[PDB]
Amino acid sequence: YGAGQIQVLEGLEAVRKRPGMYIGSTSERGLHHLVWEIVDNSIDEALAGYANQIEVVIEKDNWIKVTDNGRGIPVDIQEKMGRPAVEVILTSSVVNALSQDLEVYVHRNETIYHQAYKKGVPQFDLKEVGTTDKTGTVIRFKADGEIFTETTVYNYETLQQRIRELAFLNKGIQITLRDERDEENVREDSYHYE
Ligand SMILES: Cc1[nH]c(C(=O)NC2CCN(c3cc(C(N)=O)cc(Cl)n3)CC2)c(Cl)c1Cl
Ligand SMILES: [Mg+2]
Ligand SMILES: [Mg+2]
Ligand SMILES: [Mg+2]
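Residues numbered from 1 in each chain as written, not as in the entry; some residues may be left out. Chains lettered and ligands numbered in written order. Heavy atoms only, no water.

Per the PDB record, the structure was determined using X-ray crystallography to 1.6400 Å resolution.

A. Representation of the nonpolar core in the model. Membership of the largest hydrophobic core comes to 49 residues, with the highest contact counts inside it found for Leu34, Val35, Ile64, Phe141 and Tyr154. The element that contributes the greatest number of residues to this core is helix α3 (residues 28–47), accounting for 8 residues. The contact partners of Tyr154, leaving out residues within four places of it in the chain, are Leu31, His32, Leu34, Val35, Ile58, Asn62, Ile64, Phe141, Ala143, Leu159 and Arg181. (Core = buried A, V, L, I, M, F, W, Y, C linked by side-chain atoms within 4.5 Å. Buried < 20%, exposed > 50% of the residue type's maximum accessible area, 1.4 Å probe, protein only. Helix = DSSP H or I, 4+ residues; strand = E, 2+ residues; numbered from the N terminus. Contact = heavy atoms within 4.5 Å.)

B. Molecular detail of the side chain of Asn62. Assignment of secondary structure puts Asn62 in the loop between β1 (53–59) and β2 (63–68). With residues near it in sequence (within four places) discarded, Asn62 still touches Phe141, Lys142, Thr152, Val153, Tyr154 and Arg181.

C. Structural context of the coordination of the magnesium ion (ligand 4). The magnesium ion (ligand 4) binds to the protein through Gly172 (O) and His192 (NE2), with metal-donor distances spanning 2.1 to 2.5 Å. In this pair, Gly172 sits in the loop between α6 (156–169) and β8 (174–179) while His192 sits in the segment after β9 (187–191), placing the two residues 20 residues apart along the sequence. Taking the relative accessible area as the measure of exposure, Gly172 reaches 34% and is therefore partly exposed. Given the relative accessible area of 45%, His192 is considered partly exposed. (Donors = N, O, S within 2.8 Å, 3.2 Å for Na, K, Ca; no water.)

D. Structural context of the environment of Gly70. The topology assignment puts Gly70 in the loop between β2 and α4 (85–91). The buried category is assigned to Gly70, whose relative accessible area is 0%. Expressed as a C-alpha distance, the spacing of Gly70 and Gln53, which sit 17 residues apart in the sequence, is 8.2 Å.

E. Layout of the site of ligand 1. Around ligand 1, a shell composed of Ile38, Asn41, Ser42, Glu45, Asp68, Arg71, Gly72, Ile73, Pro74, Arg108, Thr137 and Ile139 is seen. One of the side-chain nitrogen or oxygen atoms of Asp68 is found 2.8 Å away from a nitrogen atom of ligand 1. The protein chains hide 68% of the 630 Å² of surface that ligand 1 would expose on its own. Because more than half of its atoms lie within 2 Å of the grid, ligand 1 is assigned to the largest pocket. Of all elements in the fold, only α3 and β7 (136–143) reach the threshold of two or more residues within the shell around ligand 1. In terms of residue count, α3 provides more of the shell around ligand 1 than any other element does, 4 residues in total. Of the residues belonging to the shell around ligand 1, the class tally is 4 nonpolar, 4 polar and 4 charged. (Near = heavy atom within 4 Å. Polar contact = N/O pair within 3.5 Å; in protein donor to acceptor, adjacent residues only side chain to side chain. Areas by Shrake-Rupley, 256 points an atom, 1.4 Å probe, with all protein chains shown as cover. 1 Å grid on protein atoms, 1.4 Å probe; cavity = no way out; pocket = protein on both sides within 12 Å on 5 of 7 lines; lining within 4 Å. Sits in = over half its atoms within 2 Å of the grid points. Nonpolar A, V, L, I, M, F, W, Y, C, P; charged D, E, K, R; others polar.)

F. Representation of the pattern of salt bridges in the model. For the structure shown, the criterion picks out 18 salt bridges. Ionic pairing is found between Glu165 and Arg162, a salt bridge with its closest N-O pair at 2.4 Å. With a gap of 3 residues between them, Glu165 and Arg162 both fall in helix α6, about one helical turn apart. Exposure remark for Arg162: the relative accessible area of 31% places this residue in the partly exposed category. One continuous salt-bridge network, built from bridges that share partners, spans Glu55, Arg178, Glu180 and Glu188. (Salt bridge = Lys/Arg side-chain N within 4 Å of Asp/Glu carboxyl O.)

Right, dumping it as structure tokens:
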């Protein structure tokens, strides 16, 4: 309960109290904005010269998974908070605050690190769960139905349109959209402009 952790909790309270001020609306438009908030991080990492693939998956029950092959959100214990950098970054994330559940897997230092959250609150300390020969960041989230009180169901065409545009605007980045909500009938569109 240091000043750092107190500020974190106040920040989550503030986002959840006035979500529309952060993401425009809590309508279907705001729901889809959650995806762009996450994907923008991957785009910046690609433009910085450290990533070139981004994958957005609509999973069963309208979870969203975003994966990039960037450097991975750092995990070193931070000066300000005395907590892993990734935890500080995600506990101040609007998407995390407005998600009933969110998971991160960081591939970095030939290690896979995992943390989970509910409404932005970490459920356990960042944990090493395995090894890897890749780098990057995986984020999985389920939008909070307490916040998004019109719908929590994503529109494939809405995601598709903007993903295609993002690939066209940010040449060289391979951006893939896949709908896995119905395991019997899976749709994928992959964009890569030169
Ligand atoms: C899906 C996704 N991807 C990213 C992402 O790629 N973030 C970048 C931000 C800058 N990062 C680094 C890397 C280093 C480093 N030298 O490896 C040091 C620092 Cl100080 N930040 C790499 C991850 C985020 Cl954040 C989310 Cl959410
Ligand atoms: Mg942002
Ligand atoms: Mg950034
Ligand atoms: Mg490329």
